[PDB]
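>>> heads up, no residue letters with this:
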DNA sequence: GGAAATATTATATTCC
DNA sequence: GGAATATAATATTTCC
Ligand SMILES: [Zn+2]
Ligand SMILES: [Zn+2]
Ligand SMILES: [Zn+2]
Ligand SMILES: [Zn+2]
């Protein structure tokens, strides 16, 4: 499960290529109101709670 | 800039950003939690952590 | 201009 | 075991 780029290795594959996105620049999670893109869903979840809501 | 870390020699824009960075070497965690005793290297990191403790 | 806060990003660690 | 939550470091933005 080792990073082909930085010689780091994790216990899971899911953790492995969340890490890869820090190398390849892939950012699959996108904010509906803003267009800014993130590497993980939790990040965008944090960044989303900064846009004022409307419900 | 003029402010360089004496451990990793990465330069920082302003001395106050350097003193926070040095805490990532010394392990000095000044800011402590009122409810749970967990110590944090910055006031901000303590804020995002404190704001989940249900109610005081 | 510089300190402080806020937003950001990567990852370890719980959760499910 | 993947997904969520917490976390730590720093880049960006706000305030002064
Ligand atoms: Zn890597
Ligand atoms: Zn947005
Ligand atoms: Zn350093
Ligand atoms: Zn606490």
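Sure, I can see it. Numbers count the residues shown, from 1 in each chain, chains lettered A, B, ... in the order given. Ligands and ions are numbered 1, 2, ... in the order given.

>>> so what's the residue nearest the centre of chain A closest to, chain neighbours aside?
Ranked by distance to the mean C-alpha position of chain A (CA atoms, centre = their mean), the top residue is residue A:39 at 1.7 Å. In space, and not counting its chain neighbours, residue A:39 is closest to residue A:21: 4.5 Å by CB to CB, 6 or more residues apart in numbering or on different chains. Yep, even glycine has a C-beta here, placed from its N, CA and C like the rest.

>>> Tell me how far the host helix or strand of that neighbour lies from the chain's centre.
Element membership for residue A:21, per DSSP states H and E: helix A:13-24. Offset of helix A:13-24 from its chain centre (CA atoms, centre = their mean, to the nearest Å): 9 Å.

>>> Can you name the residues in contact with that helix?
Applying CB atoms under 8 Å, 6 or more residues apart in numbering or on different chains, the external contacts of helix A:13-24 come out as A:1, A:3-6, A:8-10, A:26-28, A:39-40.

>>> Just the buried subset of these, written out for ChimeraX, thanks.
Applied in ChimeraX, the following selects the buried portion of the contacts of helix A:13-24 according to 16 or more other CB atoms under 10 Å in any protein chain shown:
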select /A:39
